[PDB]
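S.K.: Before I ask anything, here is the structure I am working with.
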Amino acid sequence: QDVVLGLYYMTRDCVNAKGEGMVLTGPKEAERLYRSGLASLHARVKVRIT
Amino acid sequence: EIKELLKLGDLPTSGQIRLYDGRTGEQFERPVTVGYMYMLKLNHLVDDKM
Amino acid sequence: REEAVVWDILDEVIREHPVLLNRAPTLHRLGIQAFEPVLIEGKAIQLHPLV
Amino acid sequence: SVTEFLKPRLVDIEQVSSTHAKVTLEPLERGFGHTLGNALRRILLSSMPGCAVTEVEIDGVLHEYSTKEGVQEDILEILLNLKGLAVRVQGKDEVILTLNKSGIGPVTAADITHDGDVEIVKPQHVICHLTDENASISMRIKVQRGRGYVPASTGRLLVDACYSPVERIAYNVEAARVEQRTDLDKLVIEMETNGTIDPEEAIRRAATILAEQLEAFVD
Amino acid sequence: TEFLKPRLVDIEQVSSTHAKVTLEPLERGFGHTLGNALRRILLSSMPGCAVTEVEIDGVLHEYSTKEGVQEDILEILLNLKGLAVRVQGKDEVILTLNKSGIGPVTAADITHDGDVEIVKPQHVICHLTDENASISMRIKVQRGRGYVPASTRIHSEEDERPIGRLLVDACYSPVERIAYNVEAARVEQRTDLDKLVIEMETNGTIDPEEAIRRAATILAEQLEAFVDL
Amino acid sequence: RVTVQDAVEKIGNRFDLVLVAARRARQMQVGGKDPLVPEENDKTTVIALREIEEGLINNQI
Amino acid sequence: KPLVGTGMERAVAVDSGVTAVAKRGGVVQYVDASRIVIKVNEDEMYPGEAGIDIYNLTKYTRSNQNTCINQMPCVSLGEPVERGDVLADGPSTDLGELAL
C-alpha cells in the first residue's frame, strides 16, 4: 500500500506548479530539476524520451 | 472545542505542522499531524519470544 | 566465549546458505519460502516488505 | 577516543564508465553517510562552477516557434540539443562560437569553428539532420561561464544553462560493521557526468568547495 | 567563481543553557548545507560529561530503598543520570556527596572542586525525611561522546565489579535540541547573502563558541577522505 | 547470482537441474574435482549453478 | 498519566485496591518510600488506641505475570490527608490516576 501511495503521488498532474511547462533533454536533468527544488514533481513538462 | 483549546495555547489550530527531514533539512510537502498520543508497551516483548 | 573471530567466521559460514522462513498456518506453497540471510544486531527477523 | 572519530578509506572507485562511477566509503560513523553524502550531493548538483551554452542565434529566426525548413527536427529541439553540448572555456566569462555546415546529412559539433581557446569536449554530438539538396545552416552559439543549473527564467534564443557538469548524483547509506558493532554506516555515492571532468576528481573539487567554507572555523 | 566565505559574527547566550549563534554571509545553498550538516553533527558528536557509576554507602542494588529517604534508590539513579558538570582536563573524576537532616538534597551538596563545575546547583537528588537520616555516596563521572548503556559498558569492562555499586546509563551528548534558520542580510549592496542562524538548547556544560568550531572541525577532518582520494 | 532459470534453459526439466547440480557439487566437495568456471570462494551450491552458465554440464558428465 | 483520558482512571486506580488508600484522616507523620505513617486525627480515632496508622508499602515483588509492583509515596512529611486519599501510587499509576 505505501509503495503505491508514493507512486500515485509521484505521477499525478497538478495544473499549477513551480517550473511548469518547460522542455527537458532527459530524466537525469528532470531529477536535477526536482532535487534542487526548481520544479515540482507533479508539474507538467515535455521531455525528450528514449 | 479542541480548536478553541488549541487557540488558547499558542498552537496552530489546524493541528498539523510543517516538518523537515533530519536527513537533509528539506521540507516535507504539506504539513503533517503532530501531537501527543498515549502508547502502551504490551507484554509480548521480543526477547521473551526469540 | 563469543570471541572476536567468530563473527568473521560466521559471516563466512552463512555467506550464502539459504534459510527457510514460514509463518503458521501455512495455507499454500508460497507460505514457506527461502531467503539468503543477512546478519542483524537486534532480535527480530527482518523480512522483506513485498513478501 | 574523545576526539578521534573513525575515518573511512575509499573501499573502491568501483568504476563502470568514464561517465559514471560508484565511489564507496567505509566505515563512517553512524549517520554520517547522509551528513556527507547529501552534503556533497547538494554541493555537486547545484553549486559546482563550470561553462555551458547559454544563448543561440541560428540564421534568421525570432523564436524557435518558427520551424524553418531544411532541418528534420524543429528549432525547439535544436535549441535543446545545443544545450546538450558539453564545453570547456579557458579564462573567459562569455565566448561566442560560430557553426555552419552544408550538404544532405547530419550536423555535428565537430563542424564548429574550433577556437582552440575553447574545447568542445564531445565533438561527435549530433546537432541536427539536413533535408534538401541545398541544405546548409549557419549559427552563432554563445557559451558562458557560470555556476549550477539556471532555468529559462531570465534574434537571440535563450536557453537554460547546464553549468554544473554533474548529469546525476545519488547516494545511499547502508549497514557496515566491525568486529563488535554494526550500527556504522557505509556510504555509496554514484554520479554521472558530462565528460568535462572525470567524476573521481569532480568530487575532489566539490570536497574542496565544502572544505573552503570550514577553513574559517577549523582550529 | 565568486564564493564568499563565512565568519561567526555573533552569539547570544540567551540563558545559562540556551544560546543563538550566527554565521555570515553565505552563498546559494550553503545556508542549508551547513545549516543541516552542523545540526546533525552537533546532535551526534559533541563530546560531553556524564555520571557513570554510583556507589551509595548502604545499598546493594538498584531496586533497594534507604531508610528516611523519599525515593527508591532507582529514582535516585534516574535523577543523577540527568546531572551535568564540566571537568577541567580530565577523563574522569569522583564526586563525594554528604547530607544529613530533613529536607532536599541538591547538587550544591556535592563536595565542590576547582576542576569540576556544575551547571545547575538546584538539580535535586532526593529528599531526606528523618531527623537522623543520611546519605553518603561516591558519584563517578566520565568524559565521552554519544550514549553508552550500562549493559554494554559492563560487557566492555570485563572485570567483575564489586557488590554494592550501582551503574547508570551514560548520556554524554550535551545538546538537547538544535534549530537552524536562513535569511538574507545587508552586505556589499547585494542580495542572496544568507545569515545562517543556528540556535541551540544544551545541558549547560558547553558554549557555542567552542561547539560550532568543534563541529566544523569534525566535519573538516571527516571530509579529508574525500579530498585525499 | 541466484535465479536459476538460465540454468533451466539448459536443463529443460528443472528436476534434473537439482539432480545435476547436486551430482556436480558432490564431485567438487566429495570427489575432489575443481570447477571449470572461475570460483570466487562461493559455495559449491553456487559454483555448480555457475557451471551451468558456462554451458559445459549435463548428466553425461 | 495519560493526557487524554475519560475520568474513569480516578476510579479504576483506587478501587482496584492496589494504591494504598488512607483508612482514616490525619497528617503524615513520616515517609520513606517503604513506610508511610499517619497520625490520624482524634475526630476519627478510637479512644484507647495509639492513634497511628502505618502503611508498610509493598516494594519490588513479582506479579503473577512477572512484572514488578513497587508502590511509591505521593505524600510529603507533614502534609494533611483525608480518608480515602491516595497515599501511595501503585504500579501503573501516578497521583492515583491510572497510567498504563
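Just remember, in the C-alpha cells the first chain shown is A, the second B, etc., residues are 1-based per chain, and ligands are 1-based in the order shown.
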Do you know which residues are at most 10 Å from residue 24 in chain G counting only C-alpha atoms, after dropping those on the same chain fewer than 6 positions away, and could you put them as a VMD selection string?
M.R.: chain G and resid 38 to 41 43 to 45 51 to 53 81 to 85
S.K.: Could you save the residues just selected, with C-alpha atoms, as a JSON list (two decimals), in the first residue's frame?
M.R.:
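Ended up saving to again_10.json:
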```json
[["chain", "number", "residue", "atom", "x", "y", "z"],
["G", 38, "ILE", "CA", -0.23, 8.76, 59.52],
["G", 39, "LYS", "CA", -1.12, 10.50, 62.71],
["G", 40, "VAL", "CA", -4.86, 10.05, 62.47],
["G", 41, "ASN", "CA", -6.90, 12.88, 63.86],
["G", 43, "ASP", "CA", -12.15, 13.08, 65.20],
["G", 44, "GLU", "CA", -11.77, 9.63, 63.71],
["G", 45, "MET", "CA", -9.59, 7.87, 66.28],
["G", 51, "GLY", "CA", -3.77, 6.63, 67.06],
["G", 52, "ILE", "CA", -1.28, 5.88, 64.33],
["G", 53, "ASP", "CA", -1.81, 4.11, 61.05],
["G", 81, "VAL", "CA", -4.63, 13.66, 54.15],
["G", 82, "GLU", "CA", -8.30, 12.80, 54.26],
["G", 83, "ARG", "CA", -9.99, 9.41, 54.39],
["G", 84, "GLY", "CA", -9.77, 7.83, 51.01],
["G", 85, "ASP", "CA", -6.98, 9.96, 49.60]]
```
S.K.: Quick one: pick out all strand (DSSP E) residues within chain B from a backbone DSSP run and write them as a VMD selection string.
M.R.: chain B and resid 16 to 17 32 to 33
S.K.: Taking only chain B into account, list the residues labelled helix (DSSP H, G or I) by DSSP (computed from the backbone), as a ChimeraX atom specification.
M.R.: /B:2-8,46-48
S.K.: Between G:11, G:50, G:18, G:36, which is the closest to residue 74 in chain G once you count only C-alpha atoms?
M.R.: G:36
S.K.: Could you write out as a list in words the residues of chain E within 12 Å of chain A, counting only C-alpha atoms?
M.R.: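 Taken together, these residues fit the definition: residues 28, 29 and 32 of chain E.
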S.K.: As an exercise, work out the distance from CA of residue 38 in chain D to CA of residue 40 in chain C in Å and give it to one decimal place.
M.R.: 25.4 Å
S.K.: Which is closest to chain E among D:190, D:59, D:215, D:111, if we use only C-alpha atoms?
M.R.: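 Answer, going by the shortest atom-to-atom distance: D:215.
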S.K.: So that I can see what lies close to range 5-22 of chain B, please list as a ChimeraX atom specification the residues with an atom at most 7 Å from it, counting only C-alpha atoms and leaving out residues fewer than 6 positions away in the same chain.
M.R.: /B:28,30-34
S.K.: Can you tell me which residues surround residue 15 in chain D at a distance of at most 12 Å, considering only C-alpha atoms, apart from same-chain residues fewer than 4 positions away, and format the answer as a ChimeraX atom specification?
M.R.: /D:11,19-24,189-192,198-200
S.K.: List as JSON, numbers by chain the protein and nucleic acid residues near range 15-24 of chain F, meaning an atom at most 7 Å away when only C-alpha atoms are counted, but skip any in the same chain fewer than 2 places from it.
M.R.: {"F": [8, 11, 13, 26, 27, 28, 48, 49, 58, 59]}
S.K.: Let me see the file: selected residues, N, CA and C atoms, as a compact mmCIF listing (two decimals), in the first residue's frame.
M.R.:
```
# COMPACT_ATOMS: atom_id res chain seq x y z
N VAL F 8 18.03 -23.57 -16.07
CA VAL F 8 16.87 -24.34 -16.53
C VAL F 8 16.64 -24.22 -18.05
N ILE F 11 18.92 -27.20 -18.73
CA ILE F 11 18.42 -28.49 -18.25
C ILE F 11 16.90 -28.43 -18.17
N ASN F 13 14.15 -29.54 -17.57
CA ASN F 13 13.24 -30.34 -16.77
C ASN F 13 13.17 -29.89 -15.32
N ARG F 26 28.83 -32.48 -5.62
CA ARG F 26 29.47 -33.60 -4.93
C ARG F 26 30.80 -34.01 -5.57
N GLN F 27 30.89 -34.01 -6.89
CA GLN F 27 32.20 -34.20 -7.50
C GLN F 27 33.21 -33.16 -7.00
N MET F 28 32.75 -31.95 -6.68
CA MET F 28 33.66 -30.96 -6.11
C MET F 28 33.92 -31.18 -4.61
N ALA F 48 28.23 -24.82 -8.76
CA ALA F 48 27.62 -25.76 -9.68
C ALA F 48 26.56 -25.09 -10.53
N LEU F 49 25.83 -24.15 -9.96
CA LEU F 49 24.91 -23.36 -10.75
C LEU F 49 25.65 -22.46 -11.75
N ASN F 58 26.08 -31.57 -18.26
CA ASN F 58 24.83 -32.34 -18.28
C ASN F 58 25.10 -33.68 -17.61
N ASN F 59 24.04 -34.43 -17.31
CA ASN F 59 24.17 -35.68 -16.54
C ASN F 59 24.91 -36.86 -17.34
```
S.K.: When the cut-off is 8 Å and we count only C-alpha atoms, which residues of chain C are near chain D, given as a list in words?
M.R.: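 Interface list for chain C against chain D: residues 4, 5, 7, 8, 40 and 41 of chain C.
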S.K.: Residues of chain G within 10 Å of chain B, counting only C-alpha atoms, what are they? List them as number ranges by chain.
M.R.: G: 1-5, 65, 67, 99-100
S.K.: What does the file look like for those residues with C-alpha atoms, as a PDB file, in the first residue's frame?
M.R.:
```
ATOM      1  CA  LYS G   1      -0.781   9.949  33.462  1.00  0.00           C
ATOM      2  CA  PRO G   2      -2.494   9.812  30.153  1.00  0.00           C
ATOM      3  CA  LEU G   3      -3.012  13.361  28.939  1.00  0.00           C
ATOM      4  CA  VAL G   4      -6.342  12.410  27.382  1.00  0.00           C
ATOM      5  CA  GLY G   5      -8.480  10.058  29.381  1.00  0.00           C
ATOM      6  CA  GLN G  65       2.964 -12.309  35.307  1.00  0.00           C
ATOM      7  CA  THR G  67       6.087  -7.540  36.090  1.00  0.00           C
ATOM      8  CA  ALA G  99      -1.488   5.358  33.797  1.00  0.00           C
ATOM      9  CA  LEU G 100      -0.677   2.370  31.664  1.00  0.00           C
TER      10      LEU G 100
END
```
S.K.: Could you list the residues in chain B lying within 9 Å of chain C, using only C-alpha atoms, and format the result as a CSV table (one decimal) with N, CA, C and O atoms, in the first residue's frame?
M.R.:
```csv
chain,number,residue,atom,x,y,z
B,46,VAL,N,10.0,-9.0,22.9
B,46,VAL,CA,10.6,-9.9,22.0
B,46,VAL,C,11.6,-10.8,22.6
B,46,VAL,O,11.6,-12.0,22.3
B,47,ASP,N,12.4,-10.4,23.5
B,47,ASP,CA,13.4,-11.3,24.0
B,47,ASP,C,12.7,-12.4,24.8
B,47,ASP,O,13.3,-13.4,25.1
B,50,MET,N,12.1,-14.7,21.3
B,50,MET,CA,13.1,-15.1,20.4
B,50,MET,C,13.8,-16.4,20.9
B,50,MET,O,14.1,-16.5,22.1
```
S.K.: Work out how far CA of residue 32 in chain G is from CA of residue 69 in chain E, in Å to one decimal.
M.R.: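 According to the coordinates, CA of residue 69 in chain E and CA of residue 32 in chain G are separated by 5.0 Å.
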S.K.: Contacts from chain E to chain B, 9 Å maximum, only C-alpha atoms: show me the residue list as a JSON list (two decimals) with N, CA, C and O atoms, in the first residue's frame.
M.R.:
```json
[["chain", "number", "residue", "atom", "x", "y", "z"],
["E", 32, "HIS", "N", 21.62, 26.20, 3.73],
["E", 32, "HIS", "CA", 21.02, 24.91, 4.01],
["E", 32, "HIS", "C", 22.06, 23.84, 4.24],
["E", 32, "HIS", "O", 21.93, 23.03, 5.15],
["E", 33, "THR", "N", 23.11, 23.82, 3.44],
["E", 33, "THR", "CA", 24.01, 22.69, 3.52],
["E", 33, "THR", "C", 24.72, 22.66, 4.85],
["E", 33, "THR", "O", 24.62, 21.68, 5.59],
["E", 35, "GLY", "N", 23.66, 24.44, 7.31],
["E", 35, "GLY", "CA", 22.62, 24.52, 8.30],
["E", 35, "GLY", "C", 22.20, 23.17, 8.82],
["E", 35, "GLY", "O", 22.04, 22.99, 10.01],
["E", 36, "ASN", "N", 22.01, 22.22, 7.93],
["E", 36, "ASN", "CA", 21.71, 20.88, 8.39],
["E", 36, "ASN", "C", 22.94, 20.08, 8.78],
["E", 36, "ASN", "O", 22.90, 19.31, 9.74],
["E", 37, "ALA", "N", 24.04, 20.21, 8.08],
["E", 37, "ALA", "CA", 25.16, 19.39, 8.48],
["E", 37, "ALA", "C", 25.57, 19.69, 9.91],
["E", 37, "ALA", "O", 25.71, 18.77, 10.72],
["E", 39, "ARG", "N", 23.76, 20.89, 12.34],
["E", 39, "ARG", "CA", 22.77, 20.39, 13.29],
["E", 39, "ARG", "C", 22.96, 18.92, 13.53],
["E", 39, "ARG", "O", 23.02, 18.46, 14.67],
["E", 40, "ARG", "N", 23.10, 18.17, 12.47],
["E", 40, "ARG", "CA", 23.26, 16.74, 12.59],
["E", 40, "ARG", "C", 24.56, 16.34, 13.29],
["E", 40, "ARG", "O", 24.56, 15.44, 14.14]]
```
S.K.: Can you work out the spacing between CA of residue 143 in chain D and CA of residue 90 in chain D in Å, to one decimal?
M.R.: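 So the answer is 11.2 Å.
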S.K.: Determine, counting only C-alpha atoms, which protein, DNA and RNA residues have an atom within 6 Å of an atom of range 100-105 of chain E; residues of the same chain fewer than 5 positions away are not included. Present the result as a short mmCIF file (atom, residue, chain, number, x, y, z; two decimals) with N, CA and C atoms, in the first residue's frame.
M.R.:
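Writing done, so here's selection.cif:
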```cif
data_model
loop_
_atom_site.label_atom_id
_atom_site.label_comp_id
_atom_site.auth_asym_id
_atom_site.auth_seq_id
_atom_site.Cartn_x
_atom_site.Cartn_y
_atom_site.Cartn_z
N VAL E 124 17.95 18.26 41.88
CA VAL E 124 17.67 17.60 43.16
C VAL E 124 17.86 16.10 43.09
N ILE E 125 18.54 15.55 44.09
CA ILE E 125 18.83 14.13 44.15
C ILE E 125 17.80 13.34 44.95
N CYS E 126 17.36 13.80 46.11
CA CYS E 126 16.25 13.11 46.77
C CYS E 126 15.68 14.04 47.81
N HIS E 127 14.78 13.55 48.63
CA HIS E 127 14.61 14.17 49.93
C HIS E 127 15.05 13.28 51.06
N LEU E 128 15.69 13.87 52.06
CA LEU E 128 15.73 13.29 53.39
C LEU E 128 14.51 13.68 54.21
N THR E 129 14.06 12.75 55.05
CA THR E 129 12.78 12.85 55.73
C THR E 129 12.82 12.33 57.15
N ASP E 130 13.99 12.10 57.73
CA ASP E 130 14.05 11.82 59.15
C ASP E 130 15.21 12.55 59.80
N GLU E 131 15.03 12.85 61.09
CA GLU E 131 15.94 13.75 61.78
C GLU E 131 17.35 13.22 61.84
N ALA E 133 18.47 10.98 59.58
CA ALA E 133 18.72 10.34 58.30
C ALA E 133 20.02 10.83 57.66
N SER E 134 20.59 10.01 56.78
CA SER E 134 21.75 10.42 55.98
C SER E 134 21.79 9.71 54.65
#
```
